[PDB]
>>> print(open('start-v1.txt').read())   # compact mmCIF, C-alpha atoms and all ligand atoms
# COMPACT_ATOMS: atom_id res chain seq x y z
CA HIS P 3 -13.04 -1.60 -1.59
CA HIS P 4 -13.20 2.28 -2.19
CA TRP P 5 -10.27 4.56 -1.21
CA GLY P 6 -10.09 6.22 2.24
CA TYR P 7 -7.65 6.84 5.08
CA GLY P 8 -7.69 3.48 6.90
CA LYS P 9 -5.03 0.72 7.18
CA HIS P 10 -6.33 -1.21 4.16
CA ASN P 11 -7.46 1.65 1.87
CA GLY P 12 -5.27 4.61 2.88
CA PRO P 13 -2.89 6.73 0.81
CA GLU P 14 -0.24 4.02 0.41
CA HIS P 15 -2.89 1.96 -1.45
CA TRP P 16 -4.30 4.65 -3.78
CA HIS P 17 -1.82 3.99 -6.61
CA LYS P 18 -3.51 0.65 -7.39
CA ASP P 19 -6.71 2.40 -8.52
CA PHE P 20 -5.10 5.76 -9.38
CA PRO P 21 -1.62 5.26 -10.93
CA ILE P 22 -1.07 9.07 -11.12
CA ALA P 23 -0.45 8.79 -7.36
CA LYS P 24 3.15 8.00 -8.32
CA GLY P 25 3.31 10.89 -10.94
CA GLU P 26 5.80 13.72 -11.31
CA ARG P 27 3.81 16.62 -9.76
CA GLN P 28 1.92 15.08 -6.83
CA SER P 29 0.89 16.97 -3.66
CA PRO P 30 1.35 17.64 -0.81
CA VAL P 31 5.07 18.35 -0.40
CA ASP P 32 7.33 19.51 2.38
CA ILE P 33 8.23 23.19 2.03
CA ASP P 34 11.97 23.61 2.69
CA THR P 35 12.12 27.32 3.53
CA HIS P 36 15.86 27.60 2.89
CA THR P 37 15.77 26.20 -0.66
CA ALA P 38 12.57 27.96 -1.75
CA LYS P 39 13.52 30.67 -4.24
CA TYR P 40 12.40 34.26 -3.76
CA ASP P 41 10.85 35.37 -7.06
CA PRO P 42 10.62 39.19 -7.31
CA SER P 43 8.37 38.91 -10.38
CA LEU P 44 5.54 37.27 -8.40
CA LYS P 45 2.69 39.72 -7.96
CA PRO P 46 0.59 40.06 -4.79
CA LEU P 47 -2.44 37.84 -4.46
CA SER P 48 -5.81 39.45 -5.16
CA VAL P 49 -8.66 37.92 -3.17
CA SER P 50 -12.11 39.36 -3.97
CA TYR P 51 -14.53 37.53 -1.69
CA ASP P 52 -16.94 40.37 -0.83
CA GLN P 53 -19.71 39.00 -3.10
CA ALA P 54 -19.28 35.33 -2.13
CA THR P 55 -22.51 33.30 -1.97
CA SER P 56 -22.25 30.13 0.16
CA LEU P 57 -25.05 27.56 -0.51
CA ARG P 58 -24.51 24.34 1.43
CA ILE P 59 -22.26 22.32 3.75
CA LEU P 60 -21.86 18.61 2.95
CA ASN P 61 -20.20 15.56 4.52
CA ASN P 62 -18.88 13.63 1.52
CA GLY P 63 -17.33 10.77 3.50
CA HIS P 64 -13.76 12.08 3.51
CA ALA P 65 -14.15 15.71 4.65
CA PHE P 66 -16.83 18.36 4.81
CA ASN P 67 -17.12 20.88 1.96
CA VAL P 68 -18.69 24.32 2.12
CA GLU P 69 -19.98 24.98 -1.42
CA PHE P 70 -20.38 28.32 -3.19
CA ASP P 71 -22.34 29.59 -6.18
CA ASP P 72 -19.75 29.59 -8.99
CA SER P 73 -22.09 30.49 -11.88
CA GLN P 74 -20.78 34.08 -11.87
CA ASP P 75 -17.56 35.91 -10.94
CA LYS P 76 -18.61 36.64 -7.37
CA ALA P 77 -15.69 35.20 -5.35
CA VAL P 78 -12.49 35.21 -7.39
CA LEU P 79 -8.76 34.80 -6.98
CA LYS P 80 -6.30 36.46 -9.30
CA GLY P 81 -2.78 37.76 -9.35
CA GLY P 82 0.03 35.94 -7.64
CA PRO P 83 1.44 33.37 -10.06
CA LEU P 84 -1.91 33.09 -11.84
CA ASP P 85 -2.99 34.12 -15.33
CA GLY P 86 -6.66 34.89 -15.55
CA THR P 87 -9.57 34.61 -13.11
CA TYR P 88 -10.24 31.63 -10.81
CA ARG P 89 -13.74 31.19 -9.24
CA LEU P 90 -14.15 29.83 -5.67
CA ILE P 91 -16.24 26.59 -5.77
CA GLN P 92 -15.72 25.04 -2.30
CA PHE P 93 -13.50 24.91 0.77
CA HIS P 94 -12.70 22.02 3.10
CA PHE P 95 -10.22 21.01 5.80
CA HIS P 96 -7.81 18.18 6.61
CA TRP P 97 -7.10 17.50 10.29
CA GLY P 98 -5.53 15.03 12.69
CA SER P 99 -6.46 12.86 15.64
CA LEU P 100 -3.97 14.89 17.74
CA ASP P 101 -2.87 18.52 17.69
CA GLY P 102 0.60 17.51 16.42
CA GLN P 103 -0.60 16.35 13.01
CA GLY P 104 -3.29 17.07 10.50
CA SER P 105 -1.85 19.37 7.83
CA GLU P 106 -0.96 17.97 4.41
CA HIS P 107 1.82 20.39 3.54
CA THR P 108 4.64 20.71 6.05
CA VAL P 109 7.09 23.58 6.59
CA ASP P 110 10.65 22.38 7.28
CA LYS P 111 8.99 19.06 8.29
CA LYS P 112 6.73 20.82 10.83
CA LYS P 113 3.11 19.59 10.83
CA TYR P 114 0.17 21.81 11.78
CA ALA P 115 -3.08 20.77 13.45
CA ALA P 116 -5.12 21.24 10.28
CA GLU P 117 -5.05 22.67 6.77
CA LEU P 118 -7.75 24.67 4.99
CA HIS P 119 -8.08 24.37 1.18
CA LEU P 120 -10.00 27.02 -0.78
CA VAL P 121 -10.50 25.47 -4.23
CA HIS P 122 -10.84 27.69 -7.34
CA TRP P 123 -11.16 26.89 -11.05
CA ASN P 124 -9.95 28.78 -14.12
CA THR P 125 -12.93 30.46 -15.77
CA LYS P 127 -11.50 30.05 -19.24
CA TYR P 128 -12.48 26.34 -19.12
CA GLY P 129 -16.17 26.98 -18.50
CA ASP P 130 -16.80 24.59 -15.60
CA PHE P 131 -14.99 22.75 -12.82
CA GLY P 132 -15.20 19.40 -14.64
CA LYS P 133 -13.30 20.71 -17.68
CA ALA P 134 -10.77 22.62 -15.56
CA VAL P 135 -9.50 19.53 -13.71
CA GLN P 136 -8.34 18.11 -17.06
CA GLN P 137 -5.96 21.03 -17.63
CA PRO P 138 -2.49 21.70 -16.16
CA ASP P 139 -3.54 25.23 -15.12
CA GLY P 140 -7.14 24.36 -14.32
CA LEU P 141 -7.23 24.81 -10.53
CA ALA P 142 -5.78 27.17 -7.96
CA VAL P 143 -5.91 26.02 -4.33
CA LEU P 144 -5.18 28.41 -1.49
CA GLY P 145 -3.77 26.51 1.49
CA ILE P 146 -3.92 27.91 5.02
CA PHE P 147 -2.39 26.26 8.09
CA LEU P 148 -4.28 26.06 11.40
CA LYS P 149 -2.44 26.04 14.73
CA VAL P 150 -4.08 25.51 18.11
CA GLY P 151 -4.25 28.69 20.16
CA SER P 152 -6.91 31.36 20.45
CA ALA P 153 -10.30 30.80 18.87
CA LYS P 154 -11.06 32.08 15.40
CA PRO P 155 -14.48 33.78 15.60
CA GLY P 156 -15.09 33.57 11.84
CA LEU P 157 -14.85 29.76 12.04
CA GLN P 158 -17.52 29.24 14.70
CA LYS P 159 -20.47 29.36 12.23
CA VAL P 160 -18.92 26.28 10.56
CA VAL P 161 -18.23 24.51 13.85
CA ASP P 162 -21.79 24.95 15.11
CA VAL P 163 -23.41 23.22 12.12
CA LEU P 164 -21.24 20.09 12.11
CA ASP P 165 -23.67 18.14 14.29
CA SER P 166 -26.22 18.45 11.46
CA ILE P 167 -23.90 16.67 8.95
CA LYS P 168 -22.25 14.05 11.18
CA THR P 169 -22.44 11.16 8.70
CA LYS P 170 -21.55 10.59 5.05
CA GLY P 171 -24.06 12.02 2.59
CA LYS P 172 -25.71 14.48 5.00
CA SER P 173 -25.99 18.08 3.81
CA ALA P 174 -27.39 21.30 5.24
CA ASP P 175 -28.27 24.73 3.92
CA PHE P 176 -25.39 27.08 4.70
CA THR P 177 -26.02 30.60 3.40
CA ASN P 178 -24.37 33.99 4.11
CA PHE P 179 -21.00 32.53 5.20
CA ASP P 180 -18.14 34.98 4.53
CA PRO P 181 -14.79 33.26 3.81
CA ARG P 182 -12.88 36.53 4.38
CA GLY P 183 -13.13 35.55 8.15
CA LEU P 184 -10.72 32.62 7.57
CA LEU P 185 -7.80 34.61 6.09
CA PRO P 186 -4.63 35.53 7.99
CA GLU P 187 -3.39 39.12 8.19
CA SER P 188 -0.57 38.65 5.66
CA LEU P 189 -0.92 37.13 2.18
CA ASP P 190 2.76 36.22 1.66
CA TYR P 191 2.91 32.79 0.06
CA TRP P 192 4.84 29.91 -1.45
CA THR P 193 3.76 28.48 -4.79
CA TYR P 194 4.48 25.31 -6.75
CA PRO P 195 2.69 23.17 -9.38
CA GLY P 196 0.99 20.10 -7.92
CA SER P 197 -2.13 17.94 -7.79
CA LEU P 198 -5.34 17.29 -5.95
CA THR P 199 -4.50 15.53 -2.70
CA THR P 200 -7.45 13.14 -2.94
CA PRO P 201 -8.35 10.76 -5.77
CA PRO P 202 -8.45 11.20 -8.70
CA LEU P 203 -5.16 13.02 -7.81
CA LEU P 204 -5.17 14.98 -11.08
CA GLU P 205 -2.14 17.17 -11.76
CA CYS P 206 -4.08 20.35 -12.44
CA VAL P 207 -3.34 22.56 -9.39
CA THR P 208 -1.30 25.71 -8.88
CA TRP P 209 -0.76 25.56 -5.12
CA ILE P 210 -0.61 28.84 -3.18
CA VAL P 211 0.36 28.14 0.44
CA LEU P 212 0.19 31.05 2.88
CA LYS P 213 3.14 31.57 5.22
CA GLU P 214 1.06 32.82 8.15
CA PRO P 215 -1.17 30.28 9.96
CA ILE P 216 -4.49 31.15 11.53
CA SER P 217 -5.13 30.14 15.13
CA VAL P 218 -8.14 28.11 16.27
CA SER P 219 -9.03 26.93 19.75
CA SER P 220 -8.68 23.38 20.98
CA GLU P 221 -12.49 23.29 21.35
CA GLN P 222 -13.01 24.22 17.70
CA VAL P 223 -10.71 21.47 16.34
CA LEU P 224 -12.16 18.90 18.72
CA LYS P 225 -15.55 19.37 17.08
CA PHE P 226 -14.01 18.47 13.67
CA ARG P 227 -12.99 15.12 15.21
CA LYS P 228 -16.60 14.23 16.08
CA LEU P 229 -17.58 13.76 12.43
CA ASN P 230 -17.95 10.30 10.87
CA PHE P 231 -16.45 8.68 7.76
CA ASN P 232 -19.39 6.27 7.71
CA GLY P 233 -23.00 6.68 6.68
CA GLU P 234 -25.87 6.71 9.15
CA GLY P 235 -26.70 3.25 10.48
CA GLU P 236 -23.20 1.94 9.70
CA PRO P 237 -20.54 1.27 12.36
CA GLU P 238 -19.00 4.47 13.67
CA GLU P 239 -15.60 5.50 12.27
CA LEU P 240 -14.45 8.90 13.48
CA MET P 241 -13.31 11.28 10.72
CA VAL P 242 -9.71 11.98 11.80
CA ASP P 243 -6.32 11.96 10.05
CA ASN P 244 -7.82 12.60 6.61
CA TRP P 245 -4.49 13.89 5.28
CA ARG P 246 -2.12 12.53 2.65
CA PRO P 247 1.59 12.40 3.55
CA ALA P 248 4.15 14.53 1.75
CA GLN P 249 5.18 13.37 -1.72
CA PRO P 250 8.57 13.67 -3.49
CA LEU P 251 9.31 17.09 -4.95
CA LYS P 252 11.10 15.55 -7.99
CA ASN P 253 11.77 18.14 -10.75
CA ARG P 254 9.99 21.09 -9.10
CA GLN P 255 10.97 24.45 -7.63
CA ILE P 256 9.02 26.06 -4.81
CA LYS P 257 8.93 29.84 -5.19
CA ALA P 258 8.32 32.37 -2.43
CA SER P 259 6.68 35.81 -2.71
CA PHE P 260 8.76 37.14 0.19
CA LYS P 261 12.25 37.20 1.60
ZN ZN P 301 -7.85 19.37 0.43
>>> encode(input="start-v1.txt", output="C-alpha cells")
Amino acid sequence: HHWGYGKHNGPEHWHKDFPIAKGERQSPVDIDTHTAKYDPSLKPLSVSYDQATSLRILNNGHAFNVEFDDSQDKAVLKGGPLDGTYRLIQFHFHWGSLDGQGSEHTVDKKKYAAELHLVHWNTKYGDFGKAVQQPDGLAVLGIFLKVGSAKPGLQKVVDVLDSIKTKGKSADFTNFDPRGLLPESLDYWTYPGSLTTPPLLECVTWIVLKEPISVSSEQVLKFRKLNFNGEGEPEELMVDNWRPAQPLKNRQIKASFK
C-alpha cells in the first residue's frame, strides 16, 4: 500500500515506487565535521520573518505542517549559498519514539531528539509546484532539537496538537511567529540534496544550523501523541517519522564557520 514509516512501507521500501530514492543527491546525510570544508566565500544567512503570516496547522498523515501565506514576499530567506529570494511555505518536524533518535541529519553520527524543517521555494519559478522540478528550487533550513529546557516559542504549537490528532485534521493557526524557533547563532553547513519524503525530488539546497535549540521533555512527549491514522481507524502513534542517512556519494559539505 502507500508509503510510510512502518515495517512493510518504511524508507527501505520507498525505492519501489520512487526510484530516485537511490539517486545521487539524496537526503538526509551524516555531517562529518572534520571533512566539511570551510568556505570563506559563503555569505551570512538573511532571515526576514517579521512579516510572516501563518494560516493553518495540518496533520497530513506523516507529520504536522504549519502553513504560511506565500503569495507575497513576507517571510523570505536569502544570502548564504543562495541566489535570489526563497519564500517560506511551511515548517514541520521529524521526531523519535525515544529522546536518543528522531533527527534526520546526524552530526558525526550523533542523532538528536527531533529536527525542524523550514521549507522555502525560489520565487523565480512562480509557485511551489514548479520549484520542486528544478535543481535550485527549494531551500530547507534544518534545526536540531535537543531535550533540555523548554522553548517558550514552541508552546503555541504544542498546545494545538490535540486538535489535529489524526490524519486529515486541520486547524486555524494565525499570528504564529517562526522567529521564536531560531537559535542564537546562524552558522551553518550546506550541501545539495533532496526532499526526505516521497517524491524525494532532488531540488533542495540544505542549510543545516550548527546550534540546536532546546525543548523540554514534556514538549516532545506531546509530539508523540499524534496519530498516523485517520479518525475511526486503528491507532498508530506518529513516532520515528525520520529517514535514515543516505550515502554522500559525489558531494562536498561546506561550512560557514571554522
Ligand atoms: Zn522534513
>>> residues_near_ligand(input="start-v1.txt", ligand="ligand ZN 301 (chain P)", cutoff="8 Å", atoms="only C-alpha atoms and all ligand atoms", output="PyMOL selection string")
chain P and resi 93-96+117-119+198-200
>>> atom_distance(input="start-v1.txt", atom1="CA of residue 53 in chain P", atom2="CA of residue 68 in chain P")
15.6 Å
>>> closest_residue(input="start-v1.txt", among="P:79, P:146, P:174, P:153", to="residue 223 in chain P", atoms="all atoms listed in the file")
P:153
>>> residues_around(input="start-v1.txt", residues="residue 19 in chain P", least_positions_apart="2", cutoff="9 Å", atoms="only C-alpha atoms", output="PDB file with C-alpha atoms, in the frame of the given file")
ATOM      1  CA  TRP P   5     -10.270   4.560  -1.210  1.00  0.00           C
ATOM      2  CA  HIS P  15      -2.890   1.960  -1.450  1.00  0.00           C
ATOM      3  CA  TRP P  16      -4.300   4.650  -3.780  1.00  0.00           C
ATOM      4  CA  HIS P  17      -1.820   3.990  -6.610  1.00  0.00           C
ATOM      5  CA  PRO P  21      -1.620   5.260 -10.930  1.00  0.00           C
ATOM      6  CA  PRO P 201      -8.350  10.760  -5.770  1.00  0.00           C
ATOM      7  CA  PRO P 202      -8.450  11.200  -8.700  1.00  0.00           C
TER       8      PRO P 202
END
>>> closest_residue(input="start-v1.txt", among="P:86, P:13, P:63, P:46", to="residue 167 in chain P", atoms="all atoms listed in the file")
P:63
>>> residues_around(input="start-v1.txt", residues="residue 209 in chain P", least_positions_apart="3", cutoff="12 Å", atoms="only C-alpha atoms", output="PDB file with C-alpha atoms, in the coordinates of the input")
ATOM      1  CA  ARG P  27       3.810  16.620  -9.760  1.00  0.00           C
ATOM      2  CA  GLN P  28       1.920  15.080  -6.830  1.00  0.00           C
ATOM      3  CA  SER P  29       0.890  16.970  -3.660  1.00  0.00           C
ATOM      4  CA  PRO P  30       1.350  17.640  -0.810  1.00  0.00           C
ATOM      5  CA  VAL P  31       5.070  18.350  -0.400  1.00  0.00           C
ATOM      6  CA  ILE P  33       8.230  23.190   2.030  1.00  0.00           C
ATOM      7  CA  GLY P  82       0.030  35.940  -7.640  1.00  0.00           C
ATOM      8  CA  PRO P  83       1.440  33.370 -10.060  1.00  0.00           C
ATOM      9  CA  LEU P  84      -1.910  33.090 -11.840  1.00  0.00           C
ATOM     10  CA  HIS P 107       1.820  20.390   3.540  1.00  0.00           C
ATOM     11  CA  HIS P 119      -8.080  24.370   1.180  1.00  0.00           C
ATOM     12  CA  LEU P 120     -10.000  27.020  -0.780  1.00  0.00           C
ATOM     13  CA  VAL P 121     -10.500  25.470  -4.230  1.00  0.00           C
ATOM     14  CA  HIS P 122     -10.840  27.690  -7.340  1.00  0.00           C
ATOM     15  CA  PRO P 138      -2.490  21.700 -16.160  1.00  0.00           C
ATOM     16  CA  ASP P 139      -3.540  25.230 -15.120  1.00  0.00           C
ATOM     17  CA  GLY P 140      -7.140  24.360 -14.320  1.00  0.00           C
ATOM     18  CA  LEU P 141      -7.230  24.810 -10.530  1.00  0.00           C
ATOM     19  CA  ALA P 142      -5.780  27.170  -7.960  1.00  0.00           C
ATOM     20  CA  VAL P 143      -5.910  26.020  -4.330  1.00  0.00           C
ATOM     21  CA  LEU P 144      -5.180  28.410  -1.490  1.00  0.00           C
ATOM     22  CA  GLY P 145      -3.770  26.510   1.490  1.00  0.00           C
ATOM     23  CA  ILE P 146      -3.920  27.910   5.020  1.00  0.00           C
ATOM     24  CA  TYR P 191       2.910  32.790   0.060  1.00  0.00           C
ATOM     25  CA  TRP P 192       4.840  29.910  -1.450  1.00  0.00           C
ATOM     26  CA  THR P 193       3.760  28.480  -4.790  1.00  0.00           C
ATOM     27  CA  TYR P 194       4.480  25.310  -6.750  1.00  0.00           C
ATOM     28  CA  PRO P 195       2.690  23.170  -9.380  1.00  0.00           C
ATOM     29  CA  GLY P 196       0.990  20.100  -7.920  1.00  0.00           C
ATOM     30  CA  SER P 197      -2.130  17.940  -7.790  1.00  0.00           C
ATOM     31  CA  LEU P 198      -5.340  17.290  -5.950  1.00  0.00           C
ATOM     32  CA  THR P 199      -4.500  15.530  -2.700  1.00  0.00           C
ATOM     33  CA  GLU P 205      -2.140  17.170 -11.760  1.00  0.00           C
ATOM     34  CA  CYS P 206      -4.080  20.350 -12.440  1.00  0.00           C
ATOM     35  CA  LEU P 212       0.190  31.050   2.880  1.00  0.00           C
ATOM     36  CA  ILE P 256       9.020  26.060  -4.810  1.00  0.00           C
ATOM     37  CA  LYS P 257       8.930  29.840  -5.190  1.00  0.00           C
ATOM     38  CA  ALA P 258       8.320  32.370  -2.430  1.00  0.00           C
TER      39      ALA P 258
END
>>> residues_near_point(input="start-v1.txt", point="(-21.0, 28.3, -4.6)", cutoff="9 Å", atoms="all atoms listed in the file", output="MDAnalysis selection string")
chainID P and resid 54:58 68:73 77 90:92
>>> residues_around(input="start-v1.txt", residues="residue 115 in chain P", least_positions_apart="4", cutoff="7 Å", atoms="all atoms listed in the file", output="PyMOL selection string")
chain P and resi 97-98+101-105+148-150
>>> write_last_selection(input="start-v1.txt", atoms="C-alpha atoms", output="compact mmCIF listing (two decimals), in the coordinates of the input")
# COMPACT_ATOMS: atom_id res chain seq x y z
CA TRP P 97 -7.10 17.50 10.29
CA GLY P 98 -5.53 15.03 12.69
CA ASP P 101 -2.87 18.52 17.69
CA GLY P 102 0.60 17.51 16.42
CA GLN P 103 -0.60 16.35 13.01
CA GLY P 104 -3.29 17.07 10.50
CA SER P 105 -1.85 19.37 7.83
CA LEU P 148 -4.28 26.06 11.40
CA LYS P 149 -2.44 26.04 14.73
CA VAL P 150 -4.08 25.51 18.11
>>> closest_residue(input="start-v1.txt", among="P:168, P:23, P:41, P:18", to="residue 247 in chain P", atoms="all atoms listed in the file")
P:23
>>> closest_residue(input="start-v1.txt", among="P:65, P:204, P:218, P:134", to="residue 240 in chain P", atoms="all atoms listed in the file")
P:65
>>> axis_aligned_box(input="start-v1.txt", around="range 103-114 of chain P", padding_each_side="6 Å", output="AutoDock Vina command-line options")
--center_x 3.7 --center_y 20.0 --center_z 8.3 --size_x 25.9 --size_y 19.2 --size_z 21.5
>>> residues_around(input="start-v1.txt", residues="residue 159 in chain P", least_positions_apart="3", cutoff="10 Å", atoms="all atoms listed in the file", output="PDB file with C-alpha atoms, in the frame of the given file")
ATOM      1  CA  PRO P 155     -14.480  33.780  15.600  1.00  0.00           C
ATOM      2  CA  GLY P 156     -15.090  33.570  11.840  1.00  0.00           C
ATOM      3  CA  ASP P 162     -21.790  24.950  15.110  1.00  0.00           C
ATOM      4  CA  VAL P 163     -23.410  23.220  12.120  1.00  0.00           C
ATOM      5  CA  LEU P 164     -21.240  20.090  12.110  1.00  0.00           C
ATOM      6  CA  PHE P 176     -25.390  27.080   4.700  1.00  0.00           C
ATOM      7  CA  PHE P 179     -21.000  32.530   5.200  1.00  0.00           C
ATOM      8  CA  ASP P 180     -18.140  34.980   4.530  1.00  0.00           C
TER       9      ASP P 180
END
>>> closest_residue(input="start-v1.txt", among="P:10, P:24, P:4, P:170", to="residue 203 in chain P", atoms="all atoms listed in the file")
P:24
>>> atom_distance(input="start-v1.txt", atom1="CA of residue 260 in chain P", atom2="CA of residue 189 in chain P")
9.9 Å
>>> build_atoms(input="start-v1.txt", residues="range 171-191 of chain P", atoms="N, CA, C and O atoms", output="PDB file, in the frame of the given file")
ATOM      1  N   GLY P 171     -22.878  11.739   3.384  1.00  0.00           N
ATOM      2  CA  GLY P 171     -24.060  12.020   2.590  1.00  0.00           C
ATOM      3  C   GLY P 171     -24.993  13.071   3.152  1.00  0.00           C
ATOM      4  O   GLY P 171     -25.860  13.562   2.414  1.00  0.00           O
ATOM      5  N   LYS P 172     -24.862  13.435   4.428  1.00  0.00           N
ATOM      6  CA  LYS P 172     -25.710  14.480   5.000  1.00  0.00           C
ATOM      7  C   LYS P 172     -25.270  15.858   4.517  1.00  0.00           C
ATOM      8  O   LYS P 172     -24.073  16.156   4.438  1.00  0.00           O
ATOM      9  N   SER P 173     -26.253  16.704   4.205  1.00  0.00           N
ATOM     10  CA  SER P 173     -25.990  18.080   3.810  1.00  0.00           C
ATOM     11  C   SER P 173     -26.937  19.014   4.551  1.00  0.00           C
ATOM     12  O   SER P 173     -27.977  18.601   5.069  1.00  0.00           O
ATOM     13  N   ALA P 174     -26.571  20.291   4.578  1.00  0.00           N
ATOM     14  CA  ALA P 174     -27.390  21.300   5.240  1.00  0.00           C
ATOM     15  C   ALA P 174     -27.232  22.633   4.528  1.00  0.00           C
ATOM     16  O   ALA P 174     -26.141  22.980   4.064  1.00  0.00           O
ATOM     17  N   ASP P 175     -28.333  23.374   4.439  1.00  0.00           N
ATOM     18  CA  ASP P 175     -28.270  24.730   3.920  1.00  0.00           C
ATOM     19  C   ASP P 175     -27.251  25.544   4.708  1.00  0.00           C
ATOM     20  O   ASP P 175     -27.159  25.434   5.936  1.00  0.00           O
ATOM     21  N   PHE P 176     -26.450  26.348   3.996  1.00  0.00           N
ATOM     22  CA  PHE P 176     -25.390  27.080   4.700  1.00  0.00           C
ATOM     23  C   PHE P 176     -25.152  28.382   3.931  1.00  0.00           C
ATOM     24  O   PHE P 176     -24.216  28.515   3.139  1.00  0.00           O
ATOM     25  N   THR P 177     -26.031  29.352   4.155  1.00  0.00           N
ATOM     26  CA  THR P 177     -26.020  30.600   3.400  1.00  0.00           C
ATOM     27  C   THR P 177     -25.371  31.717   4.209  1.00  0.00           C
ATOM     28  O   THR P 177     -25.307  31.680   5.442  1.00  0.00           O
ATOM     29  N   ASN P 178     -24.919  32.745   3.509  1.00  0.00           N
ATOM     30  CA  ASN P 178     -24.370  33.990   4.110  1.00  0.00           C
ATOM     31  C   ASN P 178     -23.088  33.734   4.921  1.00  0.00           C
ATOM     32  O   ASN P 178     -22.892  34.428   5.895  1.00  0.00           O
ATOM     33  N   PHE P 179     -22.316  32.733   4.544  1.00  0.00           N
ATOM     34  CA  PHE P 179     -21.000  32.530   5.200  1.00  0.00           C
ATOM     35  C   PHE P 179     -19.939  33.313   4.433  1.00  0.00           C
ATOM     36  O   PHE P 179     -19.806  33.149   3.262  1.00  0.00           O
ATOM     37  N   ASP P 180     -19.163  34.101   5.150  1.00  0.00           N
ATOM     38  CA  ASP P 180     -18.140  34.980   4.530  1.00  0.00           C
ATOM     39  C   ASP P 180     -16.748  34.383   4.726  1.00  0.00           C
ATOM     40  O   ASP P 180     -16.259  34.440   5.823  1.00  0.00           O
ATOM     41  N   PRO P 181     -16.100  33.876   3.670  1.00  0.00           N
ATOM     42  CA  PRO P 181     -14.790  33.260   3.810  1.00  0.00           C
ATOM     43  C   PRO P 181     -13.654  34.223   4.192  1.00  0.00           C
ATOM     44  O   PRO P 181     -12.636  33.755   4.594  1.00  0.00           O
ATOM     45  N   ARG P 182     -13.875  35.515   4.013  1.00  0.00           N
ATOM     46  CA  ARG P 182     -12.880  36.530   4.380  1.00  0.00           C
ATOM     47  C   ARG P 182     -12.500  36.311   5.849  1.00  0.00           C
ATOM     48  O   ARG P 182     -11.391  36.635   6.195  1.00  0.00           O
ATOM     49  N   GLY P 183     -13.404  35.805   6.740  1.00  0.00           N
ATOM     50  CA  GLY P 183     -13.130  35.550   8.150  1.00  0.00           C
ATOM     51  C   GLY P 183     -12.136  34.434   8.435  1.00  0.00           C
ATOM     52  O   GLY P 183     -11.768  34.243   9.600  1.00  0.00           O
ATOM     53  N   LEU P 184     -11.683  33.707   7.407  1.00  0.00           N
ATOM     54  CA  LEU P 184     -10.720  32.620   7.570  1.00  0.00           C
ATOM     55  C   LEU P 184      -9.309  32.984   7.112  1.00  0.00           C
ATOM     56  O   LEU P 184      -8.410  32.134   7.178  1.00  0.00           O
ATOM     57  N   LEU P 185      -9.088  34.210   6.657  1.00  0.00           N
ATOM     58  CA  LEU P 185      -7.800  34.610   6.090  1.00  0.00           C
ATOM     59  C   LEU P 185      -6.870  35.194   7.151  1.00  0.00           C
ATOM     60  O   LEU P 185      -7.317  35.940   8.030  1.00  0.00           O
ATOM     61  N   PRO P 186      -5.577  34.898   7.071  1.00  0.00           N
ATOM     62  CA  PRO P 186      -4.630  35.530   7.990  1.00  0.00           C
ATOM     63  C   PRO P 186      -4.408  36.989   7.624  1.00  0.00           C
ATOM     64  O   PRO P 186      -4.925  37.464   6.611  1.00  0.00           O
ATOM     65  N   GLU P 187      -3.621  37.699   8.433  1.00  0.00           N
ATOM     66  CA  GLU P 187      -3.390  39.120   8.190  1.00  0.00           C
ATOM     67  C   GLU P 187      -2.514  39.341   6.954  1.00  0.00           C
ATOM     68  O   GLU P 187      -2.771  40.251   6.155  1.00  0.00           O
ATOM     69  N   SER P 188      -1.489  38.524   6.776  1.00  0.00           N
ATOM     70  CA  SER P 188      -0.570  38.650   5.660  1.00  0.00           C
ATOM     71  C   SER P 188      -0.907  37.629   4.576  1.00  0.00           C
ATOM     72  O   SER P 188      -1.339  36.511   4.874  1.00  0.00           O
ATOM     73  N   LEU P 189      -0.685  38.014   3.314  1.00  0.00           N
ATOM     74  CA  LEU P 189      -0.920  37.130   2.180  1.00  0.00           C
ATOM     75  C   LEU P 189       0.374  36.677   1.493  1.00  0.00           C
ATOM     76  O   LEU P 189       0.330  36.239   0.337  1.00  0.00           O
ATOM     77  N   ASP P 190       1.519  36.784   2.172  1.00  0.00           N
ATOM     78  CA  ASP P 190       2.760  36.220   1.660  1.00  0.00           C
ATOM     79  C   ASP P 190       2.609  34.713   1.465  1.00  0.00           C
ATOM     80  O   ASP P 190       1.971  34.042   2.279  1.00  0.00           O
ATOM     81  N   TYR P 191       3.224  34.169   0.412  1.00  0.00           N
ATOM     82  CA  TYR P 191       2.910  32.790   0.060  1.00  0.00           C
ATOM     83  C   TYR P 191       4.105  32.085  -0.571  1.00  0.00           C
ATOM     84  O   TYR P 191       5.064  32.716  -1.020  1.00  0.00           O
TER      85      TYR P 191
END
